There are 2 protein chains.
Amino acid sequence: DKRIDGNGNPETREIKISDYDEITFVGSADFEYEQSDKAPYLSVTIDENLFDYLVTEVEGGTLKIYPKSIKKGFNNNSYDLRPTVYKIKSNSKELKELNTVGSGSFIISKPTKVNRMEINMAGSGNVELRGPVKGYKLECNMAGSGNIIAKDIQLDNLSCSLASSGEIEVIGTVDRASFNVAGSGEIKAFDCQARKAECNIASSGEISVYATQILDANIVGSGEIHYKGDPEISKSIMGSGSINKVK
Amino acid sequence: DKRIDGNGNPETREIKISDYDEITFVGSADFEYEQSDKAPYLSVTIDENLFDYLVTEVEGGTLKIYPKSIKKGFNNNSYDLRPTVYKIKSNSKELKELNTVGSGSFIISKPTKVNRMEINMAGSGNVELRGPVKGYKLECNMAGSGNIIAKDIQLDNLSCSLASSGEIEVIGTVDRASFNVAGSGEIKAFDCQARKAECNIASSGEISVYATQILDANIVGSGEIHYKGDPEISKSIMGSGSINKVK
Ligand SMILES: [Cl-]
């Protein structure tokens, strides 16, 4: 009933889709995405038997890829797919919002221009923005033990919120940054040069920040903010946590 | 410099205070609090040598009890106090807001009448509302591995928000409930009879809910909502999580 193992015969299907500006992706695939002015494109490779258990379509301008609800299960639960291979390649004109859930990996590799890009991840997986991202606003939100890494950003605005034990890492330059941890996890942003940054920690987590002009440093709990640069810092600590300046 | 051990000679001091409607409490004490129309009262018992390292005062209508910032440490950190005995007893006319951080224990035992009471905890400690709490609204918020238990509530509104791995447990009757978990933790409310409840999980946590008329059940991740009662349920799962009805 609930668990379906891949039969070991991988099949690739190109799926006809309209453009989309939003992705709902649930699962364990390696998903490669790019923004592109070419025609919108979707290809999925998985054990041939698992397609019958998977939704893969664009609807209402949203690409939706996830395991189906269990047949006669009243949408109380979905199938637990165990593929031997699971790869997704897709593109659209713009990605304003990614909602990803699971143990998979979502990767953007080419230079990406953004107006507002929002990344929302739940689970143990990973999102990697490997290519240069440049533009107005990037938001990286996660709840879980996995991670998000943006390797090369140039932004007016960056916002990261981490719930639970995972990790967000950001590298580049930003004018204004907001870093938030609620849990034991960690934001790593020493090589993300911010002019102004706000750092908030609830509980035992950690933020490493580089702010050049203004740093607003807030901790409620045992957590820690490590900072570099020579900003003017506003400090606020309720609990056993601590703030420290590093070279 | 940072860790100060109790010298094993307990001293009790009654500290003169004005009335307060808010508490900031950081540390490991057993703190007993009640609402009362008598004169405001504070008594603290701790190893005699640790008073010098402790702030204990009412300012701006807020009772503040927390370890001091390390002398000449620029408020980057505070003393790590290791008492052999640490007890606090206090009362004020009303408690609108508690902010508690640490491994301590904050207990209210008498019948308590509330308008709006908000409890904010960070850390591994606990808050117990042992006596009957009756009134308009209770809000229980925590970030950390500890717990909040309310043993006997009767409320128009209840809101509980849990970040990280800890636990909130609520027993009684409420008209409208909102239960939120962002993390691996748990809300236990099978014994809190709600008319309408909204339940939200991000990542792998759990909620046990009892709703009689209306239940709005939302999971993003692998978490689980278990419900009892016969409400009309609205279901939304994005991920491997599930919803299940129990007797
Ligand atoms: Cl007074």
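Of the residues making up region A:134-172, those that are within 14 Å of chain B (Cβ to nearest Cβ), over 14 Å from B:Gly221 (Cα atoms), part of a strand (DSSP E or B) and polar (S, T, N, Q) are A:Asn147, A:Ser161. Considering region B:228-246, the residues that are closer than 17 Å to B:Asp175 by Cα and without any contact (Cβ under 8 Å) to a residue 24 or more places away in the chain include one that is surrounded by the most Cβ atoms within 10 Å (Cβ to Cβ), namely B:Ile233. The number of residues in region A:225-247 being more than 10 Å from chain B (Cβ to nearest Cβ), more than 21 Å from A:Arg176 (Cβ to Cβ) and touching a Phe, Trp or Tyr at 6+ places or on another chain (Cβ under 8 Å) comes to 1.
Among A:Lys68, A:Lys2, A:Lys64, A:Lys72, which is the only one that is within 14 Å of another protein chain (Cβ to nearest Cβ) and free of Cβ contacts under 8 Å to residues at least 24 places away in the same chain?
Among A:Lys68, A:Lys2, A:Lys64, A:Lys72, only A:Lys68 is within 14 Å of another protein chain (Cβ to nearest Cβ) and free of Cβ contacts under 8 Å to residues at least 24 places away in the same chain.
Looking at region B:192-247, the strands (runs of 3 or more DSSP E) lying wholly inside it that each contain 2 or more residues that are acidic (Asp, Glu) sit at B:206-220.
Against the conditions (1) assigned to a strand (DSSP E or B); (2) touching a residue at least 60 places away in the same chain (Cβ under 8 Å), B:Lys89 satisfies every one except (2). Of all residues in region A:153-184, those satisfying the criterion of being surrounded by 20 or more Cβ atoms within 10 Å (Cβ to Cβ) and over 24 Å from A:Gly239 (Cβ atoms) are A:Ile153, A:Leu155, A:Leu158, A:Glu169, A:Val170, A:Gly172, A:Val174.
Take the residues in region A:112-133 that are more than 14 Å from chain B (Cβ to nearest Cβ) and assigned to a loop (DSSP other than H, G, I, E, B); name whichever of them is surrounded by the most Cβ atoms within 10 Å (Cβ to Cβ). Per the stated criteria, the residue is A:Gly131.
In region B:9-25, the residues that are more than 20 Å from A:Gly239 (Cα to Cα) form Cβ pairs under 8 Å with partners that are away from the ligand (no atom under 16 Å from the Cβ) and not in a strand (DSSP E or B), at six or more places apart or across chains, as follows: B:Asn9/B:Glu48; B:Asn9/B:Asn49; B:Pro10/B:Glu48; B:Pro10/B:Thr84; B:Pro10/B:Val85; B:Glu11/B:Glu48; B:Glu11/B:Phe51; B:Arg13/B:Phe51. One residue stands out among those in region B:197-237 that are in contact with a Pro (Cβ under 8 Å, 6 or more places away or on another chain) and not small (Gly, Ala, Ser): the one that is nearest to A:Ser161 (Cα to Cα), which is B:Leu215.
Across region B:185-208, what is the number of residues that are closer than 17 Å to B:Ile237 by Cα and crowded, with 24+ Cβ neighbours inside 10 Å?
8
Restricting the search to region B:17-55, which residues are within 16 Å of the ligand (Cβ to nearest atom) and either within 14 Å of another protein chain (Cβ to nearest Cβ) or more than 24 Å from B:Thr112 (Cα to Cα) (or both)? Once the filter is applied, which keeps residues that are within 16 Å of the ligand (Cβ to nearest atom) and either within 14 Å of another protein chain (Cβ to nearest Cβ) or more than 24 Å from B:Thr112 (Cα to Cα) (or both), region B:17-55 yields B:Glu22, B:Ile23.
Against the condition within 14 Å of the ligand (Cβ to nearest atom) and away from chain A (no Cβ under 14 Å), how does B:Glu59 come out, does it pass? Lay out the reasoning, then the answer.
Details: within 14 Å of the ligand (Cβ to nearest atom): yes; away from chain A (no Cβ under 14 Å): yes.
Answer is yes for this residue.
Readers should treat all values here as calculations from the given coordinates under stated rules, not as data from a laboratory. Reconstructed Cβ throughout: ideal geometry from the backbone, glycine too, with neighbour counts over all protein chains shown.
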